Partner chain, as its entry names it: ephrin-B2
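Read the single chain below, which is given as structure tokens and is the form deposited without the partner chain.
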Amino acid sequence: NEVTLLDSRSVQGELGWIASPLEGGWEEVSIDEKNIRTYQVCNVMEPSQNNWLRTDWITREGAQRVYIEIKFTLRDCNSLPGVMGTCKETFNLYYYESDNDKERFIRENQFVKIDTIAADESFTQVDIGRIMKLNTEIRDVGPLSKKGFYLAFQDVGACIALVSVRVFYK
């Protein structure tokens, strides 16, 4: 059934993921023995956030339709002390087709939006851990035509940890 083109969890060395801004936005965060890589961002105080993070080049292997499965956790705005009218609880998924497996720089506006993505469950001040709150959202993208493509995630003001990104086709 499912042929995996990408699996963030199982990546050996560096992910090679680009982050715009390079600092202060999407940061790689590790947390190991009996208790792991994650990308996070939590500028729920700051106004007009626009933090992107994009994968490296993903071949599509001649598949007309590929799926994107993301697992992530996210902190209930109600539970972040100090938060104003700025804090969000969703984040955006984008994609960009291309044949250039070695693209130099992809402006934000070159990407197509796939969906806004929301948490079925969120963290609070009560939680101590809680894989029970590990969200898993799956999206797919329509008639593909180039050799491969770049996924992208756009935080607009939430407190989020991406836990796993996996791209496959059926």
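Numbering follows the first chain given and starts at 1.
Another form exists, solved in complex with the partner chain; not displayed. Remarks below refer to it.
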In the deposited bound form, the one of 115, 120, 28, 61 near the partner chain [non-hydrogen atom within 4.5 angstroms]: 28
The unique member of 136, 145, 110, 125 whose heavy atoms fall within 4.5 Å of the partner chain in the deposited bound form: 125
Listed range touching the partner chain, judged in the deposited bound form by heavy atoms within 4.5 Å, from 136-144, 38-46, 52-60, 97-105: 38-46
Contact flag, residue 130 vs the partner chain in the deposited bound form, heavy atom cut 4.5 Å: yes
Contact of residue 81 with the partner chain in the deposited bound form (heavy atom, 4.5 Å): yes
Residue 152, heavy atom within 4.5 angstroms of the partner chain in the deposited bound form: no
Touches the partner chain in the deposited bound form: residue 6 (any heavy atom, 4.5 Å): no
Residues of stretch 150-170 in contact with the partner chain in the deposited bound form (4.5 Å, non-hydrogen atom): 159, 160, 161, 163
